[PDB]
Structure formats: structure tokens, C-alpha cells
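Chemist: Quick one: this structure, given as C-alpha cells, is what I'll be asking you about.
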Amino acid sequence: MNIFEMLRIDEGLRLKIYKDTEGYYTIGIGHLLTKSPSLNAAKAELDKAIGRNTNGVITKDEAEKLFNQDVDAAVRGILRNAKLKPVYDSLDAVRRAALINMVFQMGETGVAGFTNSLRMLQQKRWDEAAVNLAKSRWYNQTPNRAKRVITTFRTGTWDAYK
Ligand SMILES: [Cl-]
Ligand SMILES: [Cl-]
């Protein structure tokens with residue numbers, strides 16, 4: 001298992017514009033297009049991202065391409081963030097993937113906001129961090145996915161994904 005596979009399971013793949021769990025326009029493997037309510041604004045963002053007049057539908061290769069970019073962006077944002085970087089640096093490979101997943105879903109800012117949990121992860125207090133991470137809107141809104149990510153942090157294995 002690896003980050004790409006992990007995220008492909010968490011996000012699925014849609015080749016036609018769709019609305020995510022929060023109601024925002026998305027496409028592909030979890031690629032958020034816009035938070036505006038306008039399908040047109042979404043279509044425009046899509047075209048601009050893809051580089052062609054898409055009519056709201058893309059190919060598998062187009063999706064995979066956005067996906068590669070988005071994962072690269074996530075890691076680079078972690079590495080550029082003063083709060084996230086030290087955490088990431090401290091973790092083993094599997095857990096690093098768990099952190100990228102959270103950033104991928106919620107954004108660097110969002111994750112940087114889990115101050116207390118981050119500190120716990122940094123300290124390697126797995127069980128405590130898992131409980132702290134559970135007390136969040138994130139967990140409450142997307143419990144199954146959150147559970148998978150949280151188990152990954154707790155255990156340091158891919159069990160939740162197999
Ligand atoms: Cl983009
Ligand atoms: Cl979920």
C-alpha cells in the first residue's frame with residue numbers, strides 16, 4: 001500500500017463533476033474545484049485546470065494527472081509549513097502517509113489547526129493522539145474515513161486499509 005492507493009480508496013474516482021461530502025464541486029480523485037455554488041464557476045475552474053473545454057467531464061488520464069499534482073502539492077505544503085514539517089519529519093513512513101491524507105482532505109491550514117494532536121503525534125503517544133483526533137468535526141462528519149486515518153496513526157500499519 002502507498003499514499004496514492006490509500007487516497008484512491010478514501011476518495012474514489014469520478015469523471016463527471018460531483019459534489020463532495022460538504023457539497024462542493026469536485027471531480028476525479030477528490031480534486032476540489034470550488035466552493036462556490038455555481039456549476040458554471042466549477043466548469044470554468046475545471047477547464048482552466050485541464051487546459052481544454054471540458055463540458056464537465058474528463059478522462060481517467062486527466063484525473064490521474066490532477067491526482068499526481070495534488071499529492072505533490074500536499075507533501076510540499078507539509079514541508080513548507082512550520083507546524084507540520086517537524087511532525088512529518090518525526091514520523092515513520094506509514095504514519096507520514098496518514099498525515100498527507102489529512103492535508104489532502106482538509107488543507108494545510110486545517111491540519112495545522114490540530115495543535116494538540118500534532119504535539120501528541122510528535123511525542124509518539126499514539127493512543128492519546130488517536131483519542132484527541134476523534135474529538136473533532138472531522139471525525140464527526142466523516143467518521144469512516146477518519147477512523148481509517150486514525151487507526152493508521154495509532155498502529156503504524158495499513159491494517160485499516162486491507
Ligand atoms: Cl489545479
Ligand atoms: Cl466517512
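Each chain in the C-alpha cells gets a letter, A, B, ..., in the order shown, and its residues are numbered from 1; ligands are numbered from 1 in order too.
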Leaving out residue 87 (chain A) and any residue of its chain fewer than 3 positions from it, which residues lie within 8 Å of it when counting only C-alpha atoms, given as a ChimeraX atom specification?
Modeler: /A:83-84,90-91,118-119,121-122
Chemist: Take the residues from that selection and put them in a file with N, CA and C atoms, as a PDB file, in the first residue's frame.
Modeler:
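The result, written out as result-v2.pdb:
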ATOM      1  N   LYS A  83       4.518  24.306  11.187  1.00  0.00           N
ATOM      2  CA  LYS A  83       3.915  23.480  12.159  1.00  0.00           C
ATOM      3  C   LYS A  83       3.870  22.055  11.730  1.00  0.00           C
ATOM      4  N   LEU A  84       3.747  21.851  10.443  1.00  0.00           N
ATOM      5  CA  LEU A  84       3.598  20.499  10.004  1.00  0.00           C
ATOM      6  C   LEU A  84       4.900  19.806   9.773  1.00  0.00           C
ATOM      7  N   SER A  90       9.212  13.729  12.062  1.00  0.00           N
ATOM      8  CA  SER A  90       9.343  12.827  13.151  1.00  0.00           C
ATOM      9  C   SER A  90       8.720  11.484  12.949  1.00  0.00           C
ATOM     10  N   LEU A  91       7.821  11.362  11.978  1.00  0.00           N
ATOM     11  CA  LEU A  91       7.070  10.150  11.810  1.00  0.00           C
ATOM     12  C   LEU A  91       7.734   9.113  10.948  1.00  0.00           C
ATOM     13  N   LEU A 118      -1.181  17.154  17.113  1.00  0.00           N
ATOM     14  CA  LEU A 118       0.132  17.195  16.449  1.00  0.00           C
ATOM     15  C   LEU A 118       1.243  17.012  17.483  1.00  0.00           C
ATOM     16  N   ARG A 119       1.023  17.638  18.588  1.00  0.00           N
ATOM     17  CA  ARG A 119       2.030  17.552  19.609  1.00  0.00           C
ATOM     18  C   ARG A 119       2.103  16.145  20.123  1.00  0.00           C
ATOM     19  N   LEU A 121       1.319  13.495  18.445  1.00  0.00           N
ATOM     20  CA  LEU A 121       1.953  12.613  17.474  1.00  0.00           C
ATOM     21  C   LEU A 121       3.498  12.795  17.516  1.00  0.00           C
ATOM     22  N   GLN A 122       3.882  14.049  17.611  1.00  0.00           N
ATOM     23  CA  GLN A 122       5.260  14.306  17.674  1.00  0.00           C
ATOM     24  C   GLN A 122       5.902  13.555  18.833  1.00  0.00           C
TER      25      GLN A 122
END
Chemist: Each residue of chain A lying at most 8 Å from ligand 1 should get a row with its shortest atom-to-atom pair and the distance in Å to one decimal, counting only C-alpha atoms and all ligand atoms; could you produce that, ordered by chain and increasing number, as a Markdown table?
Modeler:
| residue | atom | partner | partner_atom_place_in_ligand_line | distance |
| --- | --- | --- | --- | --- |
| A:48 | CA | ligand 1 | 1 (Cl) | 7.7 |
| A:49 | CA | ligand 1 | 1 (Cl) | 4.6 |
| A:50 | CA | ligand 1 | 1 (Cl) | 7.8 |
| A:66 | CA | ligand 1 | 1 (Cl) | 6.9 |
| A:69 | CA | ligand 1 | 1 (Cl) | 7.7 |
| A:70 | CA | ligand 1 | 1 (Cl) | 7.8 |
Chemist: For chain A versus ligand 2, which residues have an atom no more than 10 Å away, and what is each residue's nearest atom pair and distance in Å rounded to one decimal, using only C-alpha atoms and all ligand atoms, chain-then-number order, as CSV?
Modeler:
residue,atom,partner,partner_atom_place_in_ligand_line,distance
A:10,CA,ligand 2,1 (Cl),8.3
A:11,CA,ligand 2,1 (Cl),9.8
A:21,CA,ligand 2,1 (Cl),8.6
A:138,CA,ligand 2,1 (Cl),9.3
A:139,CA,ligand 2,1 (Cl),8.2
A:140,CA,ligand 2,1 (Cl),8.8
A:141,CA,ligand 2,1 (Cl),7.1
A:142,CA,ligand 2,1 (Cl),3.6
A:143,CA,ligand 2,1 (Cl),4.6
A:144,CA,ligand 2,1 (Cl),3.8
A:145,CA,ligand 2,1 (Cl),4.2
A:146,CA,ligand 2,1 (Cl),6.5
A:147,CA,ligand 2,1 (Cl),8.1
A:148,CA,ligand 2,1 (Cl),9.0
Chemist: Between A:17, A:99, A:133, A:7, which has the minimum distance to residue 40 (chain A) (counting only C-alpha atoms)?
Modeler: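 Ranked by minimum distance to residue 40 (chain A), first place goes to A:17.
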Chemist: Using Å and a single decimal, report how far CA of residue 67 (chain A) sits from CA of residue 79 (chain A).
Modeler: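 Computing it gives 18.5 Å between the two atoms.
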Chemist: Write out as an NGL selection string all residues of region 1-137 of chain A that backbone DSSP assigns to strand (DSSP E or B).
Modeler: :A and (14-19 or 25-28 or 31-34 or 57)
Chemist: Keeping only C-alpha atoms, write the selected residues as a JSON list (two decimals), in the first residue's frame.
Modeler:
[["chain", "number", "residue", "atom", "x", "y", "z"],
["A", 14, "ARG", "CA", -15.44, 10.30, -10.65],
["A", 15, "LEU", "CA", -15.03, 11.56, -14.10],
["A", 16, "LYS", "CA", -18.00, 13.82, -14.11],
["A", 17, "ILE", "CA", -18.26, 16.89, -11.81],
["A", 18, "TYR", "CA", -19.77, 15.89, -8.47],
["A", 19, "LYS", "CA", -20.42, 17.35, -5.07],
["A", 25, "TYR", "CA", -17.99, 20.78, -6.64],
["A", 26, "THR", "CA", -15.23, 18.25, -7.19],
["A", 27, "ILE", "CA", -14.03, 15.83, -9.87],
["A", 28, "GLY", "CA", -11.60, 12.98, -10.31],
["A", 31, "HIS", "CA", -9.98, 17.28, -6.64],
["A", 32, "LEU", "CA", -11.96, 20.21, -5.21],
["A", 33, "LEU", "CA", -12.85, 22.63, -7.82],
["A", 34, "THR", "CA", -14.55, 25.41, -6.00],
["A", 57, "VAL", "CA", -16.25, 15.52, -17.96]]
Chemist: Can you tell me, as a PyMOL selection string, what residues are no more than 10 Å from residue 156 (chain A) when counting only C-alpha atoms, ignoring any on the same chain fewer than 2 positions away?
Modeler: chain A and resi 91-98+126+150-154+158-159
Chemist: As number ranges by chain, please: every residue in region 32-162 of chain A that DSSP puts in helix (DSSP H, G or I).
Modeler: A: 39-50, 60-80, 84-90, 93-112, 115-122, 126-134, 137-141, 143-155, 159-161
Chemist: Go ahead and write the selection's residues with C-alpha atoms as a compact mmCIF listing (two decimals), in the first residue's frame.
Modeler:
# COMPACT_ATOMS: atom_id res chain seq x y z
CA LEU A 39 -21.82 24.83 -11.57
CA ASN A 40 -20.63 27.27 -14.08
CA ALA A 41 -17.90 28.54 -11.89
CA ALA A 42 -16.96 24.93 -11.35
CA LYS A 43 -16.92 24.23 -15.08
CA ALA A 44 -14.67 27.15 -15.59
CA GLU A 45 -12.29 26.03 -12.89
CA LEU A 46 -12.27 22.60 -14.39
CA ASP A 47 -11.35 23.86 -17.84
CA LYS A 48 -8.64 26.02 -16.50
CA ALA A 49 -7.14 23.10 -14.56
CA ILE A 50 -7.31 20.65 -17.51
CA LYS A 60 -9.08 8.76 -16.49
CA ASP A 61 -5.64 10.03 -17.50
CA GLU A 62 -6.77 13.65 -16.82
CA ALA A 63 -7.95 12.61 -13.40
CA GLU A 64 -4.72 10.81 -12.60
CA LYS A 65 -2.82 13.76 -13.64
CA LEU A 66 -4.66 16.13 -11.29
CA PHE A 67 -4.21 13.48 -8.64
CA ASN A 68 -0.41 13.40 -9.04
CA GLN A 69 -0.31 17.11 -8.81
CA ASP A 70 -2.44 17.21 -5.79
CA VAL A 71 -0.40 14.70 -3.87
CA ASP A 72 2.81 16.54 -4.73
CA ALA A 73 1.19 19.80 -3.62
CA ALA A 74 0.11 18.21 -0.30
CA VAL A 75 3.58 16.99 0.57
CA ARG A 76 5.19 20.23 -0.46
CA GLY A 77 2.69 22.16 1.63
CA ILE A 78 3.51 19.99 4.65
CA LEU A 79 7.19 20.61 4.12
CA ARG A 80 6.73 24.27 3.86
CA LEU A 84 3.60 20.50 10.00
CA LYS A 85 7.10 19.88 8.94
CA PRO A 86 8.54 18.88 12.30
CA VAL A 87 5.70 16.48 12.77
CA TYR A 88 6.14 14.88 9.39
CA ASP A 89 9.89 14.66 9.99
CA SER A 90 9.34 12.83 13.15
CA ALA A 93 6.65 6.07 6.56
CA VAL A 94 3.19 4.80 7.17
CA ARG A 95 2.23 7.49 9.54
CA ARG A 96 3.60 10.08 7.21
CA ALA A 97 1.06 8.88 4.70
CA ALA A 98 -1.69 9.38 7.25
CA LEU A 99 -0.67 12.99 7.69
CA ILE A 100 -0.60 13.59 3.92
CA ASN A 101 -4.16 12.17 3.71
CA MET A 102 -5.44 14.61 6.25
CA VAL A 103 -3.77 17.52 4.45
CA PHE A 104 -5.13 16.30 1.19
CA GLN A 105 -8.69 16.35 2.57
CA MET A 106 -8.58 19.41 4.74
CA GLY A 107 -5.78 21.53 3.65
CA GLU A 108 -2.65 22.54 5.28
CA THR A 109 -4.37 25.15 7.36
CA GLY A 110 -6.96 22.84 8.59
CA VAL A 111 -4.49 20.25 9.76
CA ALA A 112 -2.05 22.82 11.23
CA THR A 115 -2.36 21.68 17.61
CA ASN A 116 -2.79 19.36 20.44
CA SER A 117 -2.93 16.21 18.43
CA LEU A 118 0.13 17.19 16.45
CA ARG A 119 2.03 17.55 19.61
CA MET A 120 0.95 14.18 20.69
CA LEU A 121 1.95 12.61 17.47
CA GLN A 122 5.26 14.31 17.67
CA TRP A 126 -0.27 7.00 19.82
CA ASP A 127 -3.27 6.07 21.83
CA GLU A 128 -3.64 9.53 23.21
CA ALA A 129 -3.30 11.14 19.88
CA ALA A 130 -5.96 8.88 18.43
CA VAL A 131 -8.41 9.81 21.04
CA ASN A 132 -7.70 13.51 20.62
CA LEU A 133 -8.08 13.32 16.88
CA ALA A 134 -11.53 11.75 17.37
CA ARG A 137 -15.79 17.96 13.47
CA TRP A 138 -13.68 15.93 11.01
CA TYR A 139 -14.33 12.73 12.82
CA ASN A 140 -17.95 13.56 13.31
CA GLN A 141 -18.59 14.41 9.72
CA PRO A 143 -16.30 9.02 10.66
CA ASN A 144 -15.37 6.04 8.50
CA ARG A 145 -12.56 7.76 6.75
CA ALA A 146 -11.44 9.42 9.90
CA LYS A 147 -11.35 6.04 11.64
CA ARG A 148 -9.15 4.65 8.93
CA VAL A 149 -6.71 7.50 9.21
CA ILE A 150 -6.73 7.42 12.96
CA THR A 151 -6.03 3.66 13.07
CA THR A 152 -3.14 4.26 10.78
CA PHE A 153 -1.69 6.77 13.19
CA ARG A 154 -2.40 4.56 16.18
CA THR A 155 -0.88 1.43 14.71
CA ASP A 159 -4.44 -2.61 8.51
CA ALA A 160 -7.38 -0.20 8.24
CA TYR A 161 -6.94 -0.30 4.56
Chemist: State, in Å with one decimal place, the distance from CA of residue 59 (chain A) to CA of residue 3 (chain A).
Modeler: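 Taking CA of residue 59 (chain A) as the start and CA of residue 3 (chain A) as the end point, the length is 21.6 Å.
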